[PDB]
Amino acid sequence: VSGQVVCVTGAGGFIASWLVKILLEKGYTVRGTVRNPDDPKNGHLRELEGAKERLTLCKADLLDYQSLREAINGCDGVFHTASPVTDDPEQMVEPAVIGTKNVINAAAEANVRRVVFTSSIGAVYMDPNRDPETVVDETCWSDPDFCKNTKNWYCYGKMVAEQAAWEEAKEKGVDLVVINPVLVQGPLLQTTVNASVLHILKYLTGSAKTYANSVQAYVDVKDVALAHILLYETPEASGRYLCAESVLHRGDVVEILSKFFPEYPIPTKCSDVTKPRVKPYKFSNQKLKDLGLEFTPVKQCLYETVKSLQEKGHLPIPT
């Protein structure tokens, strides 16, 4: 793997920082794109093992095609992870969809071996019709109008970006593999708190006063990073890959948190118990397991998320 060069888009982000860290540990040369290499929020990347010799931070934006050409030039592979993470369609849609087309086109011109695209469970799950008992897997796609009508614009953007990626890759003859993570937790390498981790932080700060009657899937950030690498490196990898460890009710989540962190104002009350407690849905992560990926149990992952938030100043012990 020595002498191999890969681009990671949006390299200073939550998932991408772990991806860059592990790529460098494995011996890769990495060209990580960030909007401003001199911004202190990217400083953690420079301090990674191997970064001094093998990490270049390339100034780029998803909507600046030439900047992407410069970053991707000479790469063997591209991990396209950069995206807005927002339900504001004015912020979400163009960098997701046009940005993704731009990345695939730059990768095609650079003659890269493979692109791995970070999609989401949001591109898989959000289908009104799908029977509740059906196993959620890679054959499932979300309903766009439904995402649109429910103002799930983040899910819409990820889905349409994924569709654009397949379409453009097909047209340009690019080997594309897609990973679809569920909600990602784990320790943060970066200084700020990204969207997925806010979902845990709100319980520890007590800004969340109750927990909803709902379930969703969780996965550890280190597993997600390893999975991106596994999809790049395995010649036979093909299509989409659901990346998820287990599904938990929010009630289960706050129980785990409150047992680990009894000093914090984690909510104990369900928002609304008018309906029976929602049961975890069935899913398959067999595709990734079949490639050898082992998933870290969610409890460990949640614990490490809070310890990280504490280290980084976000959770002083209450008085």
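Counting begins at 1, following the sequence as shown.
A.B. asks: If you average the Cα B factors in the entry, which is higher, 80-88 or 240-248?
C.D. replies: Higher mean C-alpha B-factor: 240-248.
A.B. asks: Going by the mean C-alpha B-factor recorded in the entry, which is higher: 219-227 or 143-151?
C.D. replies: Going by the record's values, the stretch with the higher mean is 143-151.
A.B. asks: Among the choices 266, 256, 270, 291, identify the one whose CA B-factor in the record is greatest.
C.D. replies: The listed residue with the largest C-alpha B-factor is 291.
A.B. asks: Between 114, 209, 172, 199, which carries the biggest CA temperature factor in the record?
C.D. replies: Spelled out: the listed residue with the top C-alpha B-factor is 172.
A.B. asks: Splitting the chain's C-alpha B-factors into thirds, which one does residue 37 fall into?
C.D. replies: Ranked within chain, residue 37 CA B lands in the middle tercile.
A.B. asks: Mind checking which third residue 125 falls in for C-alpha B-factor across the chain?
C.D. replies: According to the entry, residue 125 has a C-alpha B-factor in the chain's highest third.
A.B. asks: Just say lowest, middle or highest third for the CA B-factor of residue 310 relative to the other modelled residues in its chain.
C.D. replies: Its C-alpha B-factor belongs to the middle third of this chain's values.
A.B. asks: Relative to the other modelled residues of the same chain, rank the CA B-factor of residue 134 and answer lowest, middle or highest third.
C.D. replies: Ranked within chain, residue 134 CA B lands in the highest tercile.
A.B. asks: Comparing residue 67 with the other modelled residues of its chain, is its CA B-factor in the lowest, middle or highest third?
C.D. replies: For residue 67, whose C-alpha B-factor we compare with every modelled residue in the chain, the answer is the lowest third.
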